[PDB]
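Below, each chain spelled out in residue letters.
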Amino acid sequence: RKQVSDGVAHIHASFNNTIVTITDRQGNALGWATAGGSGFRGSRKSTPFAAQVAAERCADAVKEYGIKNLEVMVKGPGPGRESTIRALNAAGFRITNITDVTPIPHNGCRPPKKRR
Amino acid sequence: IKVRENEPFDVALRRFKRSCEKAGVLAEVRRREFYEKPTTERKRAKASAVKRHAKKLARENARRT
Amino acid sequence: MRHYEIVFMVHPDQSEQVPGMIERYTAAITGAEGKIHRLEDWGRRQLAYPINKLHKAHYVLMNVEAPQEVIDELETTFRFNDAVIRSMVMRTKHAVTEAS
Amino acid sequence: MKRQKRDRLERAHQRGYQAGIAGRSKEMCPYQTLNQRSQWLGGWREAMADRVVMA
Amino acid sequence: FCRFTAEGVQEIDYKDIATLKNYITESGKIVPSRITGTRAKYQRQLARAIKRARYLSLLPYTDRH
Amino acid sequence: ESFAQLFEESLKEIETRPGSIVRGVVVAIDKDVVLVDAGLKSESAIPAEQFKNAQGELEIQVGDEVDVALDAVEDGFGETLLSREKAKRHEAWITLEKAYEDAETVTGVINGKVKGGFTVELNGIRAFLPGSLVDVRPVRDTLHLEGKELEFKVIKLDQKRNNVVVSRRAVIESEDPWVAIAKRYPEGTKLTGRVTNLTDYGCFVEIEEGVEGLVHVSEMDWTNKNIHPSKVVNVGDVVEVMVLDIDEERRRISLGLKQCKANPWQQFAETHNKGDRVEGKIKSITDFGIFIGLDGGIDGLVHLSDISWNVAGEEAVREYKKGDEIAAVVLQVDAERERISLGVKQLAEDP
RNA sequence: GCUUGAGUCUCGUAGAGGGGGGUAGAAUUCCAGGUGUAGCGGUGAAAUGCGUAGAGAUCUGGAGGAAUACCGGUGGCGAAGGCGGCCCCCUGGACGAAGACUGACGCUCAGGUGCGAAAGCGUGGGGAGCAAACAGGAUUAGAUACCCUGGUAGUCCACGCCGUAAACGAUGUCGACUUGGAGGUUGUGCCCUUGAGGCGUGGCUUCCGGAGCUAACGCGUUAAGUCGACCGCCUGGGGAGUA
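Below is a short write-up of the structure. (Residues numbered from 1 in each chain as written, not as in the entry; some residues may be left out. Chains lettered and ligands numbered in written order. Part of a larger assembly, values for the part shown. Heavy atoms only, no water. Residues with missing side-chain atoms left out of burial classes, pairs and counts.)

## Some thoughts on the overall build of chain C
Right, so step 1: Tallying secondary structure elements over chain C gives two helices and four strands in all.
Right, so step 2: Secondary structure elements in chain C, listed N-terminal to C-terminal, are β-α-β-β-α-β.
Right, so step 3: The globule rule puts the C-alpha radius of gyration for 100 residues at 13 Å, and the 13 Å found for chain C is close to it.
Right, so step 4: Looking at the 100 residues of chain C, the share that counts as buried comes to 44%.
Right, so step 5: The contacts of chain C with a sequence gap of at least 6 include a subset with a gap of at least 24, amounting to 76%.
Right, so step 6: As displayed, chain C has an accessible area near 6,000 Å², and 48% of this comes from carbon and sulfur atoms.
Right, so step 7: If you average the places of the 12 positive and of the 14 negative side-chain charges in chain C, the two averages end up 7 Å apart. (Helix = DSSP H or I, 4+ residues; strand = E, 2+ residues; numbered from the N terminus. Rg over C-alpha atoms; globule rule 2.2 N^0.38 Å. Buried < 20%, exposed > 50% of the residue type's maximum accessible area, 1.4 Å probe, protein only. Contact = heavy atoms within 4.5 Å. Areas by Shrake-Rupley, 256 points an atom, 1.4 Å probe, with all protein chains shown as cover. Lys, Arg positive; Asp, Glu negative; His and termini not counted. Charge placed at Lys NZ, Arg CZ, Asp CG, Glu CD.)

Structure representation (structure tokens):
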């Protein structure tokens, strides 16, 4: 429980799901909540609203660590990614800075061939 | 991308630069190596560019409105 | 002869050996009938990104005129040294003066 | 048997919104009069954001 | 637009990062010649200078280092 | 013979390209189109608005002579760029004389700073200057009688981009755009800029020494989408605009224009938003939950179905009030965010 | 004999032209460790699959392989195939300015010789990611398929072979002549470089159109226009580019 002050809020924002991992400055996790585990299932995981409910259900169950202010990292080009940080302005936090950690390779490995 | 500033901030600047270069390169690179149709899609894109420029230019005569 | 524009970066807490290193290296070039046209040391400055978990390296610019076998032996001596991180040798064509 | 619904003004809006969402990044299927082209393009640019928020 | 390398008599050196930082964006990406409006020859010399300065760590590759 | 050749080089010698030689005689007037003939290919389609002086009415009948401008030839059919810019050169000459004179004395009257320098207006035109230029010292013309008469003593001019800040009162006292793009930057520095071409998404006001601004369509007014910028402002006109954004890479200064009648809306929220002031307003379209009175300069959606009488739910406003009629309605709430004033009509005398 | 065709020399110029060597950053995968716990992943919906043996996420370190974001340009170079991080070494071609030099040394070319994407084959390495075959889950009336989860050859390197492609501009090479416009790229000359300026000049290239041509579509000074030299090829469709 550790009585931490500030945290780093990683938001993995893929197409089929958003998971929200609130950690500390150090980089080791304090609590996470996903858009799947909030009652939304299958296609309904892939909405911004499930990301908002995920950010709520993380922002409490990190209450016991006592975080006043947090940074926001967002990885992934998904349908959440903005409603989930409106849901961290509204959850009672002070947003220090917001970054983008979406991995853009200087094209390396080959992508899959997926669609027809 | 990286937004930090004083108390009116945090949304518009970030969704601007984030949304443009992020959604561009990730929505591109997410699948389809293709090896062949960036050539076709750039050729069609730029032929459509010169056809749109000349088409609007000679379409700048009249429209009877 | 061939011109070269050597910029080599130096591991920071071994930077007091740098005036020795410059004397050994331009002594090695000068021992083979080669001129020199620049000596510009930029001092300990800040790396844009960490090279081996390490910031703030000490940069030396040389910009020498020398033959090929001498510049090749010199580049091998830049390899086989743990004090030297990221050497670089560059183009020919009419070596130049003050830059920064 | 009665008269036309929202006389092309904010029907021109939702045509540009549906055409904005379903691709059509032409912005080159509008009307030609100003009061209807302005919000065909208005619905188009309001539909680009609603394409970014979803798949 | 204007080409500042054409306004000078320059041949782009890779060490004036005061000038090269006018041609990287704040994400490290090289800015297009349709934006800066440089000539194509100085655009190629510019790109080699940016990549070379990246190799000597006088410029960053990205902003996530 | 060589009469014609000599004649040609003669006529080359007795004209120049810019609007310099006052040569076009006004040979037909009709509202709203003036037309001249300065010895060029065709006759200009002149607006009337390059020729009315300082109060709105025309000044020049048939035969009168103003030079126009040039260096642009044939857009299909026709000849010029407007003579009003012509005038700018004359203004520049007078400013040069003052700089040249060592000083320029006219009248300058500067009430306030859009972007940190009082605005000075000379004859027909009004110019914007940096904040210091208006006053010699710390005197400040806010305490001076409004729109006062002095002259202008020049404080600062930007020499490329045209901004001139001039010296009111105190008679006794006597590559290139983009490196240092921090002058008009800081958040909201208002500028006076002529618009160039309105591209159906934009307006392209761009004045400050070789830059490009947009003011695209979203602000422009206090309506969003139905606006069509050609209807709402102008073509070729110097306006209220400020930066709102400068992007260092991508070279897109994204100016705005709503920083104006936004204030009128705020005043409406306030002016009549002090408490519960009564307003006489006309309904425009009743949408089954209200009546939408929209008098008083663009204040949007208003009275809800809940009040309307002293009965709650059954009322259906089309039965009870009108279409297009001026009523009692008082304010009851102005919400500063989300732009919702919520008037009412139950505040009357039945109970 | 002559110099216009062709070729050589003195200066430069740009270029993903080729061969060899080296090195940099981001990312993917795996392994070891930390924090942490109930899901992850995927779809049009789902399930197979992975996870309480601690997954997914997050951080630190390490290994290995492959490709080089931005610049990136109906841009560049190459006979064609093709060639994109950066640096070095060895090396081919093109272009232009001013001269000098040789003096028809030229063009094409059956047979022949050489180069020749990808797949594939042989030998030896290497194997991240992807991915035929294959397994499983779906879908479907069926589904040896598209979709999903995995996954071996192959993709990579060195040395040989194969010698085919919608190897396409579906347009053999070389040369001459014949109205224009808008661009790109690359040299160069003069003048007020006095200002990103103006007037010409060569090369390569993109589009639009003139006469002319064509069955039309369209081509249009880089012709499918007018001609010349040489070569390859065609003679109804199927059988058959098969025996």
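## With respect to the overall build of chain D
Right, so step 1: Helices and strands together make up the secondary structure of chain D, namely two helices and zero strands.
Right, so step 2: The 55 residues of chain D split such that 27% are buried.
Right, so step 3: Considering only residue pairs separated by 6 or more positions, chain D has 66% of its internal contacts joining residues 24 or more positions apart.
Right, so step 4: For chain D, the exposed surface amounts to about 4,000 Å²; the carbon and sulfur share of it is 52%.
Right, so step 5: Across chain D, the centroid of the 12 positively charged side chains sits 9 Å from that of the 5 negatively charged ones.

## As for the packing of helix α1 (residues 12-21) of chain D against helix α2 (residues 34-52) of chain D
All names here are of chain D.
Right, so step 1: Where α1 contacts α2, the two axes come as close as 7 Å, and the packing angle between them is 40°. The handedness of the crossing between α1 and α2 is right-handed. Residue-level contacts link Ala12, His13, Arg15, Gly16, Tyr17, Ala19, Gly20 and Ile21 of α1 to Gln36, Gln39, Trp40, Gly42, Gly43, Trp44, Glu46, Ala47, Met48, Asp50 and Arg51 of α2.
Right, so step 2: Partitioning the contact of α1 with α2 into residue classes produces eight nonpolar, seven polar and four charged. (Axes fitted to C-alpha atoms, helices over the stretch in contact; angles between N-to-C directions. Left-handed = near helix turned anticlockwise from the far one by under 90°. Nonpolar A, V, L, I, M, F, W, Y, C, P; charged D, E, K, R; others polar.)

## Observations regarding the interface of chain B and chain A
Right, so step 1: On the chain A side, the residues contacting the 18 residues of chain B number 24 residues.
Right, so step 2: The set of elements that each furnish at least two residues to the side of chain B that touches chain A consists of β1 (2-3) and α1 (12-29) of chain B.
Right, so step 3: Top element by residues in the side of chain B that touches chain A is α1 of chain B. It accounts for seven residues.
Right, so step 4: Tallied by class, residues from the side of chain B that touches chain A come to seven nonpolar, no polar and 11 charged.
Right, so step 5: Pairing geometry for strand β5 (residues 94-99) of chain A and β1 of chain B, over two bridges, is antiparallel. Residue pairing across strands places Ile98 of chain A opposite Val3 of chain B, the latter belonging to β1 of chain B. (Pairing = 2+ DSSP bridges.)

## A short note on the sheet that holds strand β2 (residues 28-30) of chain F
Residues and elements named next belong to chain F.
Right, so step 1: Spatially, β2-β3-β4 is the arrangement adopted by the three strands of the open sheet, whose pairing is antiparallel. Of all strands in the sheet, those bounded by a partner on one side alone are β2 and β4 (46-47).
Right, so step 2: Across three bridges, β2 lies against strand β3 (residues 33-35) in antiparallel orientation. Directly across from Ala28, in β3, lies its bridge partner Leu35.

## A word on unusual backbone geometry
Residues and elements named next belong to chain F.
Right, so step 1: For the bond running from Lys31 to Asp32, omega is 15°, close enough to zero to count as cis.
Right, so step 2: Despite not being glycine, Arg140 shows a phi value in the positive range, around 65°.
Right, so step 3: One non-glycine residue with positive phi stands out, namely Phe288, at about 70°.
Right, so step 4: For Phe288, the position within the fold is in the loop between β12 (281-282) and α5 (317-320).

## Focus: the packing of aromatic side chains
Right, so step 1: Ring centres 5.8 Å apart and planes at 85° place the aromatic pair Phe40 of chain A and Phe49 of chain A in the edge-to-face group.
Right, so step 2: Directly above the ring of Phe34 of chain B sits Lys37 of chain B, whose terminal nitrogen or CZ lies 5.6 Å from the centroid.
Right, so step 3: Looking at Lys41 of chain E, its charged tip hangs above the ring of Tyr42 of chain E, at a distance of 5.6 Å from the centre. (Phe/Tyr/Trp six-rings, centres within 6.5 Å; stacked < 30°, edge-to-face > 60°. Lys NZ or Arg CZ within 6 Å of the ring centre and 35° of its normal.)

## Some thoughts on the pairing of strand β1 (residues 7-10) of chain C
Residue and element names in this part refer to chain C.
Right, so step 1: For β1 and strand β3 (residues 58-61), the ladder comprises four bridges, and the chain directions are antiparallel. Across the sheet, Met9 pairs through a bridge with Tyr59, a residue of β3.
Right, so step 2: Relative to strand β4 (residues 84-85), β1 is paired through two bridges, and the arrangement is antiparallel. Pairing of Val10 across the sheet is with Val84, part of β4.

## Description of the pattern of salt bridges
Right, so step 1: Note that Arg37 of chain D and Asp200 of chain F form a salt bridge whose closest N and O atoms lie 3.0 Å from each other. Within this pair, whereas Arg37 of chain D is found in helix α2, its partner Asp200 of chain F is found in the loop between β10 (193-194) and α3 (229-232), the two belonging to separate chains.
Right, so step 2: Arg17 of chain F is paired through a salt bridge with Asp71 of chain F; the nearest N and O atoms lie 3.4 Å apart. Within this pair, whereas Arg17 of chain F is found in the loop between α1 (2-13) and β1 (24-25), its partner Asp71 of chain F is found in the loop between β5 (65-66) and α2 (83-101), the two being separated by 54 residues in sequence. (Salt bridge = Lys/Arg side-chain N within 4 Å of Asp/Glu carboxyl O.)

## Digging into the sheet that holds strand β4 (residues 69-75) of chain A
Right, so step 1: Taken together, the six strands give an open sheet; going across it, the order is β3(A)-β2(A)-β1(A)-β4(A)-β5(A)-β1(B), and neighbouring strands pair in mixed fashion. Strands at the two margins of the open sheet, each flanked by one partner only, are β3 (29-34) of chain A together with β1 of chain B.
Right, so step 2: Pairing analysis gives three bridges linking β4 of chain A to β5 of chain A, with the strands arranged parallel. Residue pairing for β5 of chain A: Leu70 of chain A is matched across the bridge by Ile95 of chain A.

## Quick look at the arrangement of the chains
Right, so step 1: Here nine pairs of chains make contact, and the pair sharing the most contacts is chains A and B.
Right, so step 2: For the non-touching pair chain C and chain D, the nearest C-alpha separation works out to 33 Å.
Right, so step 3: Of all C-alpha pairs spanning chain C and chain F, none lies closer than 18 Å, and the two are not in contact.

## Observations regarding the environment of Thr36 of chain E
Right, so step 1: With respect to the secondary-structure elements, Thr36 of chain E resides in helix α3 (residues 33-36).
Right, so step 2: Spatially, the C-alpha atoms of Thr36 of chain E and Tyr61 of chain E are 20 Å apart, while their sequence positions differ by 25 residues.
Right, so step 3: In contact with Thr36 of chain E, not counting residues within four places along its chain, are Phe1, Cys2, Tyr23, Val31 and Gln43 of chain E together with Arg251 of chain F.

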